[PDB]
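File shown here: start.txt, holding compact mmCIF, C-alpha atoms and all ligand atoms.
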```txt
# COMPACT_ATOMS: atom_id res chain seq x y z
CA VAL A 1 0.00 0.00 0.00
CA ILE A 2 0.97 3.64 -0.38
CA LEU A 3 2.40 5.15 2.81
CA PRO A 4 3.54 8.67 3.80
CA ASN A 5 7.02 7.53 2.80
CA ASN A 6 6.66 6.99 -0.95
CA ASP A 7 10.22 6.97 -2.27
CA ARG A 8 10.47 4.88 -5.43
CA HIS A 9 12.90 4.95 -8.37
CA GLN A 10 12.60 3.10 -11.67
CA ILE A 11 15.40 0.69 -12.49
CA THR A 12 16.04 0.88 -16.23
CA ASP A 13 19.32 -1.04 -16.35
CA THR A 14 17.72 -4.13 -14.81
CA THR A 15 20.60 -6.51 -15.50
CA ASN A 16 23.17 -4.40 -13.67
CA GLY A 17 24.30 -5.08 -10.11
CA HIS A 18 21.93 -6.83 -7.72
CA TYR A 19 18.84 -6.10 -9.83
CA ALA A 20 19.27 -8.97 -12.29
CA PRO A 21 17.44 -11.64 -10.27
CA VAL A 22 14.49 -9.36 -9.50
CA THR A 23 11.68 -10.90 -11.52
CA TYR A 24 8.33 -9.99 -13.07
CA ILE A 25 5.62 -12.64 -12.83
CA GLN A 26 2.45 -13.13 -14.86
CA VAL A 27 -0.07 -15.81 -13.95
CA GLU A 28 -2.54 -16.58 -16.71
CA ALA A 29 -5.92 -17.54 -15.28
CA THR A 31 -10.16 -15.46 -15.98
CA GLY A 32 -7.55 -12.73 -16.25
CA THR A 33 -3.83 -12.08 -15.88
CA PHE A 34 -2.47 -11.92 -12.33
CA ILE A 35 0.68 -9.82 -11.92
CA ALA A 36 3.36 -10.17 -9.26
CA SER A 37 7.10 -10.12 -8.53
CA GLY A 38 9.74 -12.52 -7.24
CA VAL A 39 13.45 -13.17 -6.97
CA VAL A 40 15.64 -15.89 -8.49
CA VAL A 41 17.64 -17.64 -5.77
CA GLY A 42 18.94 -20.70 -7.57
CA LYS A 43 19.69 -22.31 -10.92
CA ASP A 44 16.02 -23.22 -11.34
CA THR A 45 14.36 -21.60 -8.33
CA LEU A 46 12.55 -18.36 -7.53
CA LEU A 47 10.80 -17.09 -4.39
CA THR A 48 7.45 -15.30 -4.24
CA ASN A 49 4.25 -15.38 -2.13
CA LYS A 50 1.79 -18.20 -1.48
CA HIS A 51 -1.03 -16.05 -2.78
CA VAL A 52 0.62 -15.40 -6.14
CA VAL A 53 1.23 -19.13 -6.49
CA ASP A 54 -2.42 -19.78 -5.54
CA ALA A 55 -3.46 -17.66 -8.52
CA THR A 56 -2.41 -20.58 -10.74
CA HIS A 57 -5.25 -22.61 -9.26
CA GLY A 58 -3.23 -25.81 -9.12
CA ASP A 59 -1.57 -25.35 -12.51
CA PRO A 60 2.13 -24.36 -12.35
CA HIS A 61 2.31 -23.93 -16.13
CA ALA A 62 0.09 -20.87 -15.69
CA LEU A 63 2.97 -19.05 -14.00
CA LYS A 64 5.59 -17.31 -16.15
CA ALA A 65 8.62 -15.46 -14.79
CA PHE A 66 10.51 -12.74 -16.66
CA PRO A 67 13.79 -11.97 -14.86
CA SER A 68 15.03 -8.38 -15.17
CA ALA A 69 12.02 -7.33 -17.26
CA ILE A 70 12.45 -3.66 -18.26
CA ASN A 71 8.96 -2.81 -19.55
CA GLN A 72 6.07 -4.35 -21.48
CA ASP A 73 7.28 -6.97 -23.98
CA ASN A 74 10.87 -6.00 -23.11
CA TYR A 75 12.28 -9.07 -21.37
CA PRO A 76 16.10 -9.20 -21.82
CA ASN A 77 16.19 -12.79 -20.58
CA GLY A 78 12.85 -13.85 -22.00
CA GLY A 79 10.47 -15.82 -19.81
CA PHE A 80 10.34 -19.15 -18.00
CA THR A 81 7.38 -21.40 -17.19
CA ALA A 82 7.01 -22.94 -13.74
CA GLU A 83 6.99 -26.72 -13.38
CA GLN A 84 6.77 -27.26 -9.63
CA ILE A 85 5.68 -25.26 -6.59
CA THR A 86 6.43 -25.78 -2.90
CA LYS A 87 4.64 -23.52 -0.40
CA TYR A 88 6.20 -22.67 2.97
CA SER A 89 4.74 -24.92 5.68
CA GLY A 90 4.65 -22.09 8.22
CA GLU A 91 2.27 -19.12 8.40
CA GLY A 92 4.53 -16.95 6.24
CA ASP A 93 3.14 -16.01 2.83
CA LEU A 94 6.10 -17.65 1.06
CA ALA A 95 6.48 -20.09 -1.82
CA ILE A 96 9.30 -21.72 -3.78
CA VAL A 97 8.87 -22.04 -7.54
CA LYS A 98 10.98 -24.32 -9.72
CA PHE A 99 11.16 -23.61 -13.45
CA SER A 100 11.96 -25.73 -16.47
CA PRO A 101 14.60 -24.39 -18.89
CA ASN A 102 13.53 -22.14 -21.78
CA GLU A 103 13.44 -22.89 -25.51
CA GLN A 104 17.17 -22.16 -25.74
CA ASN A 105 17.68 -24.76 -23.03
CA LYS A 106 18.76 -22.11 -20.54
CA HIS A 107 17.96 -22.07 -16.83
CA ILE A 108 16.43 -19.07 -15.09
CA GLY A 109 19.25 -19.09 -12.56
CA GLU A 110 21.88 -19.15 -15.31
CA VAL A 111 20.78 -16.24 -17.50
CA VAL A 112 20.87 -14.18 -14.32
CA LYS A 113 22.98 -14.52 -11.18
CA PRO A 114 20.80 -15.74 -8.26
CA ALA A 115 20.45 -13.29 -5.38
CA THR A 116 22.52 -13.75 -2.24
CA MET A 117 20.43 -14.55 0.85
CA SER A 118 21.31 -12.84 4.13
CA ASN A 119 21.84 -14.79 7.34
CA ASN A 120 20.06 -11.83 8.95
CA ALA A 121 22.46 -11.89 11.89
CA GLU A 122 22.74 -8.09 12.00
CA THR A 123 19.28 -7.12 10.74
CA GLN A 124 17.51 -4.71 13.09
CA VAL A 125 14.73 -2.15 13.37
CA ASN A 126 15.43 1.28 11.86
CA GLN A 127 17.83 -0.05 9.23
CA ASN A 128 17.55 1.32 5.69
CA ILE A 129 16.28 -1.22 3.20
CA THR A 130 14.77 -1.40 -0.26
CA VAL A 131 11.95 -3.45 -1.72
CA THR A 132 12.41 -3.87 -5.45
CA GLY A 133 9.93 -5.38 -7.84
CA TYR A 134 7.07 -4.61 -10.19
CA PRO A 135 4.35 -2.26 -8.81
CA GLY A 136 1.06 -2.31 -10.70
CA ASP A 137 0.50 1.45 -10.42
CA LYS A 138 3.47 1.99 -12.74
CA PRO A 139 3.83 1.19 -16.46
CA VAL A 140 3.45 -2.53 -17.27
CA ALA A 141 6.45 -4.74 -16.39
CA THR A 142 8.62 -1.90 -15.06
CA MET A 143 11.00 -2.42 -12.14
CA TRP A 144 10.99 0.05 -9.27
CA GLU A 145 13.07 0.28 -6.10
CA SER A 146 11.19 1.46 -3.00
CA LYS A 147 13.20 2.95 -0.12
CA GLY A 148 12.44 2.95 3.59
CA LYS A 149 13.31 1.60 7.04
CA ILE A 150 12.46 -1.56 8.97
CA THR A 151 9.92 -0.66 11.66
CA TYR A 152 9.13 -4.07 13.17
CA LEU A 153 10.88 -7.42 13.58
CA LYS A 154 9.30 -10.41 15.30
CA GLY A 155 9.91 -14.06 14.47
CA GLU A 156 9.41 -14.69 10.76
CA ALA A 157 7.64 -11.36 10.22
CA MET A 158 8.96 -7.88 9.43
CA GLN A 159 7.29 -4.54 8.69
CA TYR A 160 8.61 -1.36 7.11
CA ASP A 161 7.51 2.20 6.26
CA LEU A 162 8.11 2.17 2.48
CA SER A 163 5.39 2.18 -0.20
CA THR A 164 4.33 -0.66 -2.52
CA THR A 165 1.30 -1.47 -4.68
CA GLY A 166 -0.49 -4.49 -6.09
CA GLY A 167 2.07 -6.21 -8.28
CA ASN A 168 4.85 -5.98 -5.69
CA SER A 169 3.76 -9.33 -4.20
CA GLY A 170 6.88 -11.44 -3.74
CA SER A 171 9.37 -8.60 -4.19
CA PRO A 172 12.73 -9.18 -2.51
CA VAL A 173 13.65 -7.04 0.49
CA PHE A 174 17.33 -6.03 0.27
CA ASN A 175 19.55 -4.70 3.02
CA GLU A 176 22.34 -2.20 2.34
CA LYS A 177 24.70 -5.03 1.34
CA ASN A 178 22.21 -6.03 -1.38
CA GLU A 179 21.40 -9.35 0.27
CA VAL A 180 17.83 -10.66 0.48
CA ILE A 181 16.58 -10.40 4.05
CA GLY A 182 12.91 -10.98 3.35
CA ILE A 183 10.13 -11.47 0.80
CA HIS A 184 7.46 -8.74 0.60
CA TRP A 185 3.81 -9.86 0.76
CA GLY A 186 1.82 -6.63 1.00
CA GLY A 187 0.48 -4.39 3.73
CA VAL A 188 -2.36 -2.68 5.56
CA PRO A 189 -3.79 0.67 4.36
CA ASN A 190 -2.44 3.66 6.31
CA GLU A 191 -0.46 1.38 8.61
CA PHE A 192 2.49 -0.55 7.20
CA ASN A 193 3.81 -2.92 4.58
CA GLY A 194 5.36 -6.23 5.56
CA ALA A 195 7.30 -9.28 4.46
CA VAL A 196 8.28 -12.78 5.46
CA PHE A 197 11.49 -12.27 7.43
CA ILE A 198 13.98 -14.99 6.55
CA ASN A 199 14.98 -16.09 10.04
CA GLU A 200 16.49 -19.42 11.11
CA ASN A 201 13.26 -21.40 10.57
CA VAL A 202 12.68 -20.03 7.07
CA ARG A 203 16.36 -20.37 6.18
CA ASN A 204 16.32 -24.04 7.14
CA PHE A 205 13.17 -24.55 5.07
CA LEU A 206 14.75 -22.91 2.03
CA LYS A 207 17.99 -24.86 2.47
CA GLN A 208 16.12 -28.14 2.67
CA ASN A 209 14.16 -27.44 -0.52
CA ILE A 210 16.79 -25.67 -2.64
CA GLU A 211 20.15 -27.44 -2.88
CA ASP A 212 22.00 -24.52 -4.48
CA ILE A 213 20.60 -21.51 -2.63
CA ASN A 214 23.37 -19.25 -1.35
CA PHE A 215 23.39 -17.64 2.10
CA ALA A 216 26.26 -15.22 2.78
ZN ZN A 301 14.69 8.19 -3.27
```
What is this structure when it is put down as structure tokens?
Ligand SMILES: [Zn+2]
Amino acid sequence: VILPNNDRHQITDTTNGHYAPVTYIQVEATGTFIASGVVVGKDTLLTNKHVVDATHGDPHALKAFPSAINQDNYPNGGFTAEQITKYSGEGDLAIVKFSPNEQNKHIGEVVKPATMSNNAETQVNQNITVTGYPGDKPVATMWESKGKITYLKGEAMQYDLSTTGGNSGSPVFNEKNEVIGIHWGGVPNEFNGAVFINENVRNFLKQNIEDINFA
């Protein structure tokens, strides 16, 4: 949701630096559901349970476009999901595995997977960014939203930065450009939040993704 702190910048050079694995998602149902996500392995991407539920039991309905720049401008093309594993906890988190594309390339090869933080030093009041694809902006455009962490408890985190429908599943980056959480949404006039990747979540990811990298 939009908050008093609405500080967002468009990322045009999407394949530069830590932005490459930030991904645009389209789920074809009924209508087209839009969301975001982040590549964290050779064939794996993280997003929310609710974006994955938009496929209504059909993984093939989910397409990921890493580093998408704008409508029909996908520098790495797209990838179709083949298998989905939802987080067993309360956290709105899901793991999506993709099959290679027509050129036999893997989603985690055309782009360098993001580095996951161990979150040892993460704390309230730290400056972070949530980068993904807001639906109030031009189609398939990547935007970085700036703010501070305002709440940390268990596997949940909240922050004061703005997001909009479409940002579902956007990675939360700390200053070191490591993924510390996965954005799920927010509450009007209150806050936006994400699944905080603590020890429990980390162990879950490690058990389901053999090549995920934690700093
Ligand atoms: Zn700014």
Quiz prompt | Protein and nucleic residues near ligand ZN 301 (chain A), 8 Å, only C-alpha atoms and all ligand atoms, as a list in words | solution =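 My answer, listing the contacting residues, is residues 7, 8, 9, 146 and 147 of chain A.
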Practice problem: May I have the protein, DNA and RNA residues with any atom at most 12 Å from the point (14.2, -24.3, -15.9), counting only C-alpha atoms, written as a PyMOL selection string? | Solution: chain A and resi 40+42-46+61+64-65+79-84+97-111
Exercise. Fewer than 5 positions away in the same chain doesn't count, so skip those; otherwise give me all residues within 9 Å of residue 200 (chain A), counting all atoms listed in the file, as a list in words.
Key: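 Listed by chain and then number, they are residues 119, 120, 156 and 205 of chain A.
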Quiz item: Do you know which residues lie at most 7 Å from (3.2, -1.4, -1.1), with coordinates as in the file and only C-alpha atoms counted, and could you write them as a ChimeraX atom specification?
Solution: /A:1-2,163-166,168,186-187,193
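In this model, the gap between CA of residue 208 (chain A) and CA of residue 90 (chain A) comes to 14.1 Å.
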Quiz item: Which residue, A:16, A:175, A:48, A:190, has the smallest gap to residue 118 (chain A) when you use all atoms listed in the file?
Solution: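 Smallest separation from residue 118 (chain A) among the options: A:175.
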Exercise. Would you mind listing what lies within 7 Å of residue 11 (chain A) as a list in words, with only C-alpha atoms counted and same-chain residues fewer than 4 positions away left out?
Key: residues 143, 144 and 145 of chain A
Quiz item: Which is closest to residue 177 (chain A) among A:216, A:27, A:195, A:53, if we use all atoms listed in the file?
Solution: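 The closest residue to residue 177 (chain A) is A:216.
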Considering all atoms listed in the file, give me a table of residues in region 38-69 of chain A that are at most 10 Å from region 86-89 of chain A, with the closest atom pair and distance in Å for each, as a Markdown table.
```
| residue | atom | partner | partner_atom | distance |
| --- | --- | --- | --- | --- |
| A:47 | CA | A:87 | CA | 9.8 |
| A:48 | CA | A:87 | CA | 9.5 |
| A:49 | CA | A:87 | CA | 8.3 |
| A:50 | CA | A:87 | CA | 6.1 |
| A:51 | CA | A:87 | CA | 9.7 |
| A:53 | CA | A:87 | CA | 8.2 |
| A:54 | CA | A:87 | CA | 9.5 |
```
Quiz item: Restricting the calculation to only C-alpha atoms, which member of A:161, A:122, A:176, A:212 is positioned closest to residue 188 (chain A)?
Solution: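 Closest candidate: A:161.
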Quiz prompt | For CA of residue 17 (chain A) and CA of residue 209 (chain A), the interatomic separation in Å (one decimal) | solution =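 Here the two named atoms are 26.4 Å from each other.
Comparing A:91, A:123, A:151, A:178 by their smallest distance to residue 199 (chain A), the closest is A:123 (using all atoms listed in the file).
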Practice problem: Record the distance separating CA of residue 207 (chain A) and CA of residue 115 (chain A), expressed in Å with one decimal. | Solution: 14.2 Å
Using the file's own x, y and z axes, what box holds all listed atoms of region 145-154 of chain A with 3 Å on each side, keeping edges along x, y and z, and what are its centre and edge lengths in Å to one decimal, as JSON?
```
{"center_x": 11.2, "center_y": -3.7, "center_z": 4.6, "size_x": 10.2, "size_y": 19.4, "size_z": 27.4}
```
Quiz item: Quick one: of A:28, A:137, A:93, A:13, who's nearest to residue 68 (chain A), counting only C-alpha atoms?
Solution: A:13
